[PDB]
Amino acid sequence: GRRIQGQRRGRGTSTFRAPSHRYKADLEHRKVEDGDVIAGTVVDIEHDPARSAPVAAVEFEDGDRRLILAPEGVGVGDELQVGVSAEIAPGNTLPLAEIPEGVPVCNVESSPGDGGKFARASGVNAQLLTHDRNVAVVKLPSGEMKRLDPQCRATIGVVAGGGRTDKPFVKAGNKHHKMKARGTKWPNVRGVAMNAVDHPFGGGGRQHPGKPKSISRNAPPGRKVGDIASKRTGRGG
RNA sequence: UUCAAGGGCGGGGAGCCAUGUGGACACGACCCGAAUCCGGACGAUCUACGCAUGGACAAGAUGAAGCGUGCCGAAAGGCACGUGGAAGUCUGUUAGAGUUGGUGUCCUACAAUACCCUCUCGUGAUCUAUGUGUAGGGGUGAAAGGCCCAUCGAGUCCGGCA
RNA sequence: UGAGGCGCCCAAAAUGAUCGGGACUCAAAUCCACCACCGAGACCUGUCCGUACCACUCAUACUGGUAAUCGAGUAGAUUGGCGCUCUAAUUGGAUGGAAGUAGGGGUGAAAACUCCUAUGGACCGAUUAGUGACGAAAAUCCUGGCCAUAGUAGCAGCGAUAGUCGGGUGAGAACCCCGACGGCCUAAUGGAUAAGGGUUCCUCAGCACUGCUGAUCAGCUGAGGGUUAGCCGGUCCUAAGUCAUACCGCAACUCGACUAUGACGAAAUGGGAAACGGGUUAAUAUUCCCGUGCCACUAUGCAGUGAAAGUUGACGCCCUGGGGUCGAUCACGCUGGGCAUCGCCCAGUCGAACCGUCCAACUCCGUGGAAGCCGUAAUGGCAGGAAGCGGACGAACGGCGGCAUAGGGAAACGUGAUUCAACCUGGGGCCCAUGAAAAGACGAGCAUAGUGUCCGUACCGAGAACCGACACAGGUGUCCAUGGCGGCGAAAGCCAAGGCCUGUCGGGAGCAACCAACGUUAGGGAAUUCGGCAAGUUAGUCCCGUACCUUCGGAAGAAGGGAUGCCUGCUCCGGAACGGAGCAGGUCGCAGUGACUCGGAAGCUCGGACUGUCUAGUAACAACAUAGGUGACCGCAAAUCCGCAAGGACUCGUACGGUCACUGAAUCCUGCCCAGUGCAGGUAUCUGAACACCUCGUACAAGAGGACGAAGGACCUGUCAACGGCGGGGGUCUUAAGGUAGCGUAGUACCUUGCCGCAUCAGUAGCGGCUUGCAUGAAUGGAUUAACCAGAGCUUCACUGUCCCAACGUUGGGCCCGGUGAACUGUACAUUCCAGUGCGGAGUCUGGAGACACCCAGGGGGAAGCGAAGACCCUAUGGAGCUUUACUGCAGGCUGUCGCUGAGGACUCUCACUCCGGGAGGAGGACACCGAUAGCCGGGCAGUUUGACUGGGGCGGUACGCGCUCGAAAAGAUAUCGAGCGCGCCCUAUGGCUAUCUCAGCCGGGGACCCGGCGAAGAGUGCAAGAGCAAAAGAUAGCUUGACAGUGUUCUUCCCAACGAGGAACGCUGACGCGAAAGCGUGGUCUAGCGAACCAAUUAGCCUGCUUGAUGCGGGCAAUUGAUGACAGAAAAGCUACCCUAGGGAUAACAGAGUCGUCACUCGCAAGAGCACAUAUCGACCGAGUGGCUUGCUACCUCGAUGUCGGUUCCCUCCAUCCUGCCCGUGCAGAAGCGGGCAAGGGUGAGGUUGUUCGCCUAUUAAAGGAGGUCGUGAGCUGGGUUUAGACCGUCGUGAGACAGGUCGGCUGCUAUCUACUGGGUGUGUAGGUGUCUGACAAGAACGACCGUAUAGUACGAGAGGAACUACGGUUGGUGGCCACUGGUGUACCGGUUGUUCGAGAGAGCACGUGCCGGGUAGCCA
Ligand SMILES: CSC[S@](=O)C[C@H](CO)NC(=O)/C=C/c1c(C)[nH]c(=O)[nH]c1=O
Ligand SMILES: [Cl-]
Ligand SMILES: [Cl-]
Ligand SMILES: [Cl-]
Ligand SMILES: [Cl-]
Ligand SMILES: [K+]
Ligand SMILES: [Mg+2]
Ligand SMILES: [Mg+2]
Ligand SMILES: [Mg+2]
Ligand SMILES: [Mg+2]
Ligand SMILES: [Mg+2]
Ligand SMILES: [Mg+2]
Ligand SMILES: [Mg+2]
Ligand SMILES: [Mg+2]
Ligand SMILES: [Mg+2]
Ligand SMILES: [Mg+2]
Ligand SMILES: [Mg+2]
Ligand SMILES: [Mg+2]
Ligand SMILES: [Mg+2]
Ligand SMILES: [Mg+2]
Ligand SMILES: [Mg+2]
Ligand SMILES: [Mg+2]
Ligand SMILES: [Mg+2]
Ligand SMILES: [Mg+2]
Ligand SMILES: [Mg+2]
Ligand SMILES: [Mg+2]
Ligand SMILES: [Mg+2]
Ligand SMILES: [Mg+2]
Ligand SMILES: [Mg+2]
Ligand SMILES: [Mg+2]
Ligand SMILES: [Mg+2]
Ligand SMILES: [Mg+2]
Ligand SMILES: [Mg+2]
Ligand SMILES: [Mg+2]
Ligand SMILES: [Mg+2]
Ligand SMILES: [Mg+2]
Ligand SMILES: [Mg+2]
Ligand SMILES: [Mg+2]
Ligand SMILES: [Mg+2]
Ligand SMILES: [Mg+2]
Ligand SMILES: [Mg+2]
Ligand SMILES: [Mg+2]
Ligand SMILES: [Mg+2]
Ligand SMILES: [Mg+2]
Ligand SMILES: [Mg+2]
Ligand SMILES: [Mg+2]
Ligand SMILES: [Mg+2]
Ligand SMILES: [Mg+2]
Ligand SMILES: [Mg+2]
Ligand SMILES: [Mg+2]
Ligand SMILES: [Mg+2]
Ligand SMILES: [Mg+2]
Ligand SMILES: [Mg+2]
Ligand SMILES: [Mg+2]
Ligand SMILES: [Mg+2]
Ligand SMILES: [Mg+2]
Ligand SMILES: [Mg+2]
Ligand SMILES: [Mg+2]
Ligand SMILES: [Mg+2]
Ligand code: NA
Ligand code: NA
Ligand code: NA
Ligand code: NA
Ligand code: NA
Ligand code: NA
Ligand code: NA
Ligand code: NA
Ligand code: NA
Ligand code: NA
Ligand code: NA
Ligand code: NA
Ligand code: NA
Ligand code: NA
Ligand code: NA
Ligand code: NA
Ligand code: NA
Ligand code: NA
Ligand code: NA
Ligand code: NA
Ligand code: NA
Ligand code: NA
Ligand code: NA
Ligand code: NA
Ligand code: NA
Ligand code: NA
Ligand SMILES: [Sr+2]
Ligand SMILES: [Sr+2]
Ligand SMILES: [Sr+2]
Ligand SMILES: [Sr+2]
Ligand SMILES: [Sr+2]
Ligand SMILES: [Sr+2]
Ligand SMILES: [Sr+2]
Ligand SMILES: [Sr+2]
Ligand SMILES: [Sr+2]
Ligand SMILES: [Sr+2]
Ligand SMILES: [Sr+2]
Ligand SMILES: [Sr+2]
Ligand SMILES: [Sr+2]
Ligand SMILES: [Sr+2]
Ligand SMILES: [Sr+2]
Ligand SMILES: [Sr+2]
Ligand SMILES: [Sr+2]
Ligand SMILES: [Sr+2]
Ligand SMILES: [Sr+2]
Ligand SMILES: [Sr+2]
Ligand SMILES: [Sr+2]
Ligand SMILES: [Sr+2]
Ligand SMILES: [Sr+2]
Ligand SMILES: [Sr+2]
Ligand SMILES: [Sr+2]
Ligand SMILES: [Sr+2]
Ligand SMILES: [Sr+2]
Ligand SMILES: [Sr+2]
Ligand SMILES: [Sr+2]
Ligand SMILES: [Sr+2]
Ligand SMILES: [Sr+2]
Ligand SMILES: [Sr+2]
Ligand SMILES: [Sr+2]
Ligand SMILES: [Sr+2]
Ligand SMILES: [Sr+2]
Ligand SMILES: [Sr+2]
Ligand SMILES: [Sr+2]
Ligand SMILES: [Sr+2]
Ligand SMILES: [Sr+2]
Ligand SMILES: [Sr+2]
Ligand SMILES: [Sr+2]
Ligand SMILES: [Sr+2]
Ligand SMILES: [Sr+2]
Ligand SMILES: [Sr+2]
Ligand SMILES: [Sr+2]
Ligand SMILES: [Sr+2]
Ligand SMILES: [Sr+2]
Ligand SMILES: [Sr+2]
Ligand SMILES: [Sr+2]
Ligand SMILES: [Sr+2]
Ligand SMILES: [Sr+2]
Ligand SMILES: [Sr+2]
Ligand SMILES: [Sr+2]
């Protein structure tokens, strides 16, 4: 047949790329020499096109003006700290080691100095549970217990924008505007609604997948559609 | 070949070459005739979708939240009037976009998709110009096997090829 | 009373009857005899030719001879000859005229040869041997040329109907120019431009070309000329993004991703230093010239030490205040014009950049001191300091002054105001959406001077300059969005400025038919139709008023009702408007939203929630999307995806994420099933590859086996909002469960027009209910639902030419004339008609009939008309797209192993390598990544296959390999999807021999046993059938292994007649068994029980392997076993309605033709009953027929096409008669029924469901008959059904997909040549004229039917009931004609009146061929 939509994606053509030339900044933690002698002042709160959440512009002591992944409760004028000796206050960044157990953090680094990888979406937060000399245990938004190098930096507090998901889009037009700010092809035509040549589920008088939807992990691209390697399906049992 | 026998093939000198001609096989194989398949190229001046930078939307209707005033209330609030001006909101041949019916006109046409009346949309998932990107078993597709320069259930050109 | 001959009745069909026709009756019939004739290419006969044979001969050269026993021919075989080109040898012709061509003479059976004459003006032969791009009637053959078509179609149709009278120029004027009059265009038909074009621009001179006619004209032809820039674009900047170089990949590159660098990337329309006004030319113009001004850089001078922080460039959508120019309008003045019953109407009244100055808003400061005040259109503001007062900063493309005794104007050369586009500046609101960047500029003075180069510059910008082959009704961006009236308006309509008469052929006919657009139609009012399709109705604004239902938004403009102008004088709101809302009085019309503009309304049901999307070019929908619901994967060194790789999208993203899927708003809900399939997890044991390891084997190696065992599978578990499933049976069974809530005859229900009800005169429709559901049912989502809809169906009110039933009118065509001027199509002939025949669907054949030639107009019956090598169907060892547990492979994923890879069946470490980090360093780590290989998964991808037979194909079946009987016609051979029926083995005895013996069955004596008798065979002999067999071929007993090895002959397979395996009969040789021996035994009495090559295993001996020997392991001769049943041998599944090609009437669908079982109709016989009575009437059985209306059968015609059903319109016919006329019978009193006969003149109608045909139903009727004409009628109409592509449901299928099952949508080309006919002409014939006739023939339905009255309340009859003859009056259908009457029309005409323009008035134009309304003459009509 013809390559399915999931295969057109990988080519990274315009239709599938994110509007990067419109994105603001890479909200990675600042790189400090050591000591924590780095402080800045929240100079402004801005909208972040790539995450539908707010971001804060900070002016650091040494003269660096950088956008920051802002937690909830940060406002203009407030002073933020980034370093091993930073104060344990919402909005400050420091290694997990320096963080008191039982404190919600966000923008947690995967590997020390990478800039942050976990808990960066609207209103989410990781939960630092255990400390140690070799391993800091964090509970991520998905609820999974993650073991991290205690040298991994994080920001105290939860991410700004919480509850963004509580309000329904109501209209296709609203979904539309948001989708235009992402790297996604939208709207979505059902596989069952296409011709056999276009999808494993296409074809047949009435619409229906002429096959079970749970597909093997080993399936090749073009065939791996439907419920990928499902451990189970439905709501029952 | 055969204990044995019986079979098979060959045996008392005619061939070799040349020229014409009958016929066979591979090759285009008496000549034309068709839908393919493959290779390398050329096309996004059409069109599909995305992106960049610009542009367009008379007038009218309806009257959301919010706010106000008055009365009622212990309060919560309620009611009335006003204000306000929301909306993939209504009417609209505004610009602009489209095309339900006439199965009208035309059907060697004005036109290889046109004409007229009726009809639908017209502040938005809107329409539109230019630039720009995606290329052939590949694009693009709110999916009709639609569209990729009058051609697409696999473009076009030349070649494979007689 | 029997028999025979001829005839009669039985006896009905569709355009015109037939024996070929005429026509025939003591025959021109039939039968019995006879007589004489005609009539082939036969037969006889003369001459000649060919061929064969004979004699003579070198001869196949002559000559002679023979043919009763020779003379036709498609495919094909054989052989002699004609012509063409060039070569060679030999030999000729030609300027005293070659070849060729044209006409003509001669020869040859013919191919073809030759001569004469004319033309021509230079080459041309013959013989012989060669050479070959050597011969055309044909291929929808190719190219060129040409005729008919035809002086034909077009030069009309579009909301842009456009001209006319004079004159000018010229050889020539409808369309070239001037004037007048008349018109057209207003977001365009005007002005400026982008792309694109490229000289189209201007001038002069032209008209052969181009131009829908003409042309003096031009976008055409000839010749010249024309585009002038510091300040308008380019140039500069960067955008999405592109390229180049470096680096890396790649076999490689002109290929490819990242990362660096550099460059490229915006001409209307992104950012951006600076120019305005006027004048000038045939054509340029912010470019030239005049005046005035400005910017940048540089130099000099003065000033200045500031200089980079900040600001700007620089920004979304929606609402809105304020400032404010142009425009427009109002008031008054000035200048000029127009009009002249008034006193009005029009135009103008100007003046830039720039320099200078003014500042509202915003922000902030001082003062002040609000505890309730300040403020807005609105929000709002304040002791964190309100108002008020003062102040800093601070705007216009704006005001003001200069510019300006610049410019411009004939002149005047204004002044104020309102509403205010541009432009300036604020306030508010929205985002799961956040609305560029960079160069540059400001920051940062002034004088004077110098420099400011390079490229573009014309013109069109479109119903003739662009793209569409065109001077194409198409397509094509920007701005002019503020000209006047109008009105809500950037709407309509009318009119300016400006443009045009080129959406470019004209002339003529009261101008016919017919067609395209359109106006008006009495009464009825959807009767029309599949369907109100088409048309119409309603309409603007204000007031009153407004249901069910509802998600409380809506429904809603629901519905329904009323008002509407003008004039006079006023009130209210507001600062006011040339803004708005009202009042009082007066008054006109048919009509006051007067034209124009401008909704018809209501209810029920189905679907999809909604806005949105889509098949460019037959589908706009119920399909796609959607928010909402849900499930799946993934912690980021991730999941998913692209790349061979280098690398990459997602991703400046991180679970409130984003990937993969399903369902499809809300609301109420979403049951049972984990057996199969899918996914996932687990797994003692089982199974499970390669490397390494072990055993055997090999001096080694091949190889055989073993141990170990990953993923995977077995096995267990989880999982259905995972594929899917939820039946039959009984009061469980398959295969897990056995259908719960709901809904239900459904867009799903075959039966089916289900049944009841509603509604209608009548309702296959629709709605409600019932419901056992052929075959509903829960995210394959169920139910339900307000709102929405060019979605499907139904009903009602209103309205109407849809209809009854048509008419009249308008505009453009049509017709005639001038000019211009195609195409389609053409084997030939062609004046046809009725029958027949023929490959069964004829203008051309046969027989008749008719027919004087030509032309004009017409509507289209026929030419199975033209257009397209049928899209249907089948066939082909065709193609393609699609599917899958088809065949075979390939990517990809998982997994083991080896290399990378290091040190000390579980472990530590660091040093390769990986990742994080700017770095130090951290994390990990011999793993991972990568290379190689092995096992598993693997329609994600590729190549293929998927057979044949067949009363078409499919399904079914196998007549696909074998044996028997019959078919089979007495040798042999012989078909069908012919009839009956078998074989794919079985048997160590059920084989072989020998000995002894005789069987079924019946009878007699003591179903077992014993004895006797009869008994040619009916028994038995493995299994079909047919055949064979009795001291046996059977039975019993005993013995035995011949069911043996080798090798042939022959026949069969395969008649004749070639073909393999297989088989049989008969031999020779060897070895045996039994018998006294002859002899028997090559399996079972005979005919079925079967399998190639390649390969393997096996048996015995031998041959052989690359210089040589040995060993291993191979190659071969002969043969046995292993299978191909599609059985003389491929390894092999489907869909296509998205389809494509080659062909086929070799094969189907409709139709024709044949048949006539079926169907319709009739007849013979007459049982039976009809109270008695066969026959008033009904009528079984059985028998005999006719038709060609039903159906089936066949495959004869057609696949280079003969368009389906139904309807409609229009014409002809048949009779088997429904009515009407005339009769006969009756179980006929009458009236009326019932049955029958003659008879085809006429009639046979309107409606409800349904596409229907049919049929059911309703009211009428004399009756409301049936059938043929290609199931008459699409070059006539329709397009509802059927029958393409889109989509849904039920059922089927793993799936693609399928289903005379249902459902919504879905294209109808052509200018008539011939013929035919309706009408109209011109000629010829009869044979200069006028007028009047005849009547062969021809057409008619010209008339059909009914009601009523008198007869008569009579005849008849107890009564009830109730006729006729005849004479009358009227109605209806049909027919022909006419307009006094009634009615319609009446774009003659007269009137009323709305908007607008001409100043008013008067009088007029436009508002589509009347703006609208009223009346209406002639004429035409019903
Ligand atoms: C020129 S061919 C005309 S068609 O054959 C006309 C005939 C009329 O009987 N129609 C049919 O035969 C229709 C057959 C159909 C069949 C077999 N199957 C279907 O599903 N639908 C049909 O219409
Ligand atoms: Cl989202
Ligand atoms: Cl000859
Ligand atoms: Cl320019
Ligand atoms: Cl304001
Ligand atoms: K055919
Ligand atoms: Mg970041
Ligand atoms: Mg996008
Ligand atoms: Mg979807
Ligand atoms: Mg589809
Ligand atoms: Mg597929
Ligand atoms: Mg383009
Ligand atoms: Mg209001
Ligand atoms: Mg574009
Ligand atoms: Mg010679
Ligand atoms: Mg020739
Ligand atoms: Mg003609
Ligand atoms: Mg001239
Ligand atoms: Mg000019
Ligand atoms: Mg024109
Ligand atoms: Mg009427
Ligand atoms: Mg009818
Ligand atoms: Mg209509
Ligand atoms: Mg007032
Ligand atoms: Mg229905
Ligand atoms: Mg919809
Ligand atoms: Mg279409
Ligand atoms: Mg539509
Ligand atoms: Mg969803
Ligand atoms: Mg769906
Ligand atoms: Mg849907
Ligand atoms: Mg019903
Ligand atoms: Mg369920
Ligand atoms: Mg579904
Ligand atoms: Mg064909
Ligand atoms: Mg087909
Ligand atoms: Mg194929
Ligand atoms: Mg890295
Ligand atoms: Mg395939
Ligand atoms: Mg092949
Ligand atoms: Mg076949
Ligand atoms: Mg015989
Ligand atoms: Mg084989
Ligand atoms: Mg063997
Ligand atoms: Mg065979
Ligand atoms: Mg074909
Ligand atoms: Mg034939
Ligand atoms: Mg046939
Ligand atoms: Mg035809
Ligand atoms: Mg009769
Ligand atoms: Mg009687
Ligand atoms: Mg008649
Ligand atoms: Mg017919
Ligand atoms: Mg016809
Ligand atoms: Mg037709
Ligand atoms: Mg026609
Ligand atoms: Mg229909
Ligand atoms: Mg489809
Ligand atoms: Mg069908
Ligand atoms: Na092929
Ligand atoms: Na393009
Ligand atoms: Na309100
Ligand atoms: Na339309
Ligand atoms: Na292709
Ligand atoms: Na012959
Ligand atoms: Na031709
Ligand atoms: Na000024
Ligand atoms: Na003209
Ligand atoms: Na809309
Ligand atoms: Na299961
Ligand atoms: Na079901
Ligand atoms: Na809609
Ligand atoms: Na009419
Ligand atoms: Na005709
Ligand atoms: Na195909
Ligand atoms: Na086959
Ligand atoms: Na059959
Ligand atoms: Na044999
Ligand atoms: Na018959
Ligand atoms: Na009659
Ligand atoms: Na009917
Ligand atoms: Na026909
Ligand atoms: Na018809
Ligand atoms: Na038609
Ligand atoms: Na028809
Ligand atoms: Sr990052
Ligand atoms: Sr980083
Ligand atoms: Sr499917
Ligand atoms: Sr469940
Ligand atoms: Sr483009
Ligand atoms: Sr709207
Ligand atoms: Sr239509
Ligand atoms: Sr119409
Ligand atoms: Sr057309
Ligand atoms: Sr509208
Ligand atoms: Sr195309
Ligand atoms: Sr070729
Ligand atoms: Sr002969
Ligand atoms: Sr002969
Ligand atoms: Sr030739
Ligand atoms: Sr001609
Ligand atoms: Sr005209
Ligand atoms: Sr036209
Ligand atoms: Sr001339
Ligand atoms: Sr010109
Ligand atoms: Sr550039
Ligand atoms: Sr610009
Ligand atoms: Sr204003
Ligand atoms: Sr110009
Ligand atoms: Sr222009
Ligand atoms: Sr145009
Ligand atoms: Sr004018
Ligand atoms: Sr002209
Ligand atoms: Sr009239
Ligand atoms: Sr009707
Ligand atoms: Sr009707
Ligand atoms: Sr359409
Ligand atoms: Sr729902
Ligand atoms: Sr399972
Ligand atoms: Sr039930
Ligand atoms: Sr005609
Ligand atoms: Sr058949
Ligand atoms: Sr025998
Ligand atoms: Sr199947
Ligand atoms: Sr289909
Ligand atoms: Sr034909
Ligand atoms: Sr008769
Ligand atoms: Sr009668
Ligand atoms: Sr019929
Ligand atoms: Sr019926
Ligand atoms: Sr039907
Ligand atoms: Sr169907
Ligand atoms: Sr239809
Ligand atoms: Sr004569
Ligand atoms: Sr009477
Ligand atoms: Sr009486
Ligand atoms: Sr008029
Ligand atoms: Sr009106």
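Only heavy atoms go into these numbers, but all of them, side chains included; no hydrogens, no water, no symmetry mates. Every chain is numbered from 1 and lettered A, B, ... according to where its sequence line falls, protein lines coming before strand lines.
Contact of A:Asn218 with C:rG938 (side chain to base): no donor-acceptor pair of N or O atoms is detected under 3.5 Å. At a cut-off of 3.5 angstrom, counting only N and O atoms as typed in the model, there is a donor on one side and an acceptor on the other between the side-chain of A:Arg9 and the base of C:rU640. For A:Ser14 and B:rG133, a side-chain-to-base donor-acceptor distance below 3.5 Å is absent, hydrogens and geometry of angles not being considered. Residue-to-nucleotide contacts include a donor-acceptor pair under 3.5 Å from the side chain of A:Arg206 to the base of C:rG1293. No hydrogens or angles were tested; on distance alone, nothing pairs the side chain of A:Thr13 with the base of B:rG133 as donor and acceptor under 3.5 Å. In terms of polar N and O atoms assigned as donor or acceptor, the side chain of A:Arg2 never comes within less than 3.5 Å of the base of B:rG153 in a complementary pairing.
With respect to the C1'-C2'-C3'-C4' torsion, B:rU113 shows a south sugar, the value lying on the negative side. With its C1'-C2'-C3'-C4' torsion above zero, C:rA649 shows a north sugar pucker.
Syn is the conformation of B:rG88, whose glycosidic angle sits no further than 90° from 0. Glycosidic torsion of C:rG628 falls outside 90° of 0, placing the base in anti.
For A:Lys24 and A:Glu46, the salt-bridge test passes: some basic side-chain N is under 4.0 Å from an acidic carboxylate O.
Applying the side-chain contact (heavy atoms from CB on, under 4.5 Å) test between A:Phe118 and each of A:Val105, A:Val108, A:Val138 identifies A:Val108 as the sole match.
Within the nucleic acid shown, A:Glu46 has no heavy atom closer than 4.0 Å to any nucleic acid atom. Across all strands shown, A:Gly143 has no heavy atoms under 4.0 Å from either base or sugar-phosphate atoms. Among the heavy atoms of the strands lying under 4.0 Å from A:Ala18 are primed sugar atoms or P, OP1, OP2 only; no base atom is included. Nucleic acid contact for A:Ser110: sugar-phosphate only, since backbone atoms but no base atoms lie under 4.0 Å from a heavy atom of the residue. Counting any heavy atom pair closer than 4.0 Å across all strands shown, A:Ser52 reaches sugar-phosphate atoms only and no base atom. Residue A:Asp149 is classed as a sugar-phosphate contact, given heavy-atom separations below 4.0 Å to backbone atoms only. A:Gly237 comes within contact range of the sugar-phosphate backbone alone, with a heavy-atom separation under 4.0 Å but no base atom that close. Using a 4.0 Å heavy-atom cutoff across all strands shown, A:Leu27 reaches no nucleic acid atom at all.
A close approach under 4.0 Å does occur between a side-chain nitrogen or oxygen of A:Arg11 and OP1 or OP2 of B:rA135. Contact between the side-chain N/O atoms of A:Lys31 and the OP1/OP2 oxygens of C:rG918 is found at a separation under 4.0 Å. For C:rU626, one of the phosphate oxygens OP1 or OP2 lies less than 4.0 angstrom from a side-chain nitrogen or oxygen of A:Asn188. The phosphate of C:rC431 (OP1 or OP2) has no side-chain N or O of A:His47 nearer than 4.0 angstrom. Between A:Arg3 and B:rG138, a side-chain N or O to OP1/OP2 separation shorter than 4.0 Å is present. OP1 and OP2 of C:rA437 both lie 4.0 Å or more from every side-chain N or O belonging to A:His21. A close approach under 4.0 Å does occur between a side-chain nitrogen or oxygen of A:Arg17 and OP1 or OP2 of C:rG241. For the pair A:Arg232 and C:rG631, the criterion of a side-chain N or O lying under 4.0 Å from OP1 or OP2 is not met. Contact check, A:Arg190 against C:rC624: a side-chain N or O comes under 4.0 Å of OP1 or OP2. Taking 4.0 angstrom as the limit, A:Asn195 places a side-chain polar atom (N or O) nearer than this to OP1 or OP2 of B:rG145. A:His199 has no side-chain polar atom (N or O) that falls below the 4.0 Å cut-off from OP1 or OP2 of B:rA143.
Atom-to-atom distance recorded for A:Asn134:CG and A:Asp149:CG is 9.0 Å, nearest 0.5 angstrom.
Between the side chains of A:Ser52 and A:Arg182, at least one donor N or O lies within less than 3.5 Å of an accepting N or O.
Between the P atoms of C:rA13 and C:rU18, the separation comes to 11 Å (whole Å). Of the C1' atoms belonging to C:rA1024 and C:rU988, the separation is 27 Å, rounded to the nearest Å.
Taken together, C:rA948 and C:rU958 qualify as a Watson-Crick or G-U wobble pair under the 3.5 Å criterion applied to both distances. No Watson-Crick or G-U wobble pair joins C:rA1078 and C:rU965 with the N1-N3 or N1-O2 distance and the second distance both under 3.5 Å. Judged by the 3.5 Å cutoff on both pairing distances, C:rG83 and C:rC1156 do not qualify as a Watson-Crick or G-U wobble pair.
Picking from C:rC720, B:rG133, C:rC916 the nucleotide with the shortest atom distance to the side chain of A:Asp114 gives C:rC916. Comparing C:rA655, C:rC660, C:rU640 against the side chain of A:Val225 picks out C:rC660 as the nearest.
Of the residues in residues 156-186 of chain A, A:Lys171, A:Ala172, A:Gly173, A:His176, A:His177, A:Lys180, A:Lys185, A:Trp186 come within less than 4.0 Å of RNA chain B through at least one heavy atom, sorted by number.
Both tests hold for A:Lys175 against A:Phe169: distance to the six-membered ring centre under 6.0 Å, angle to the ring axis within 45°.
Consecutive residues C:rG1075 and C:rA1076 form an unstacked step, taking six-membered ring centres below 5.5 angstrom and planes below 30 degrees as the test.
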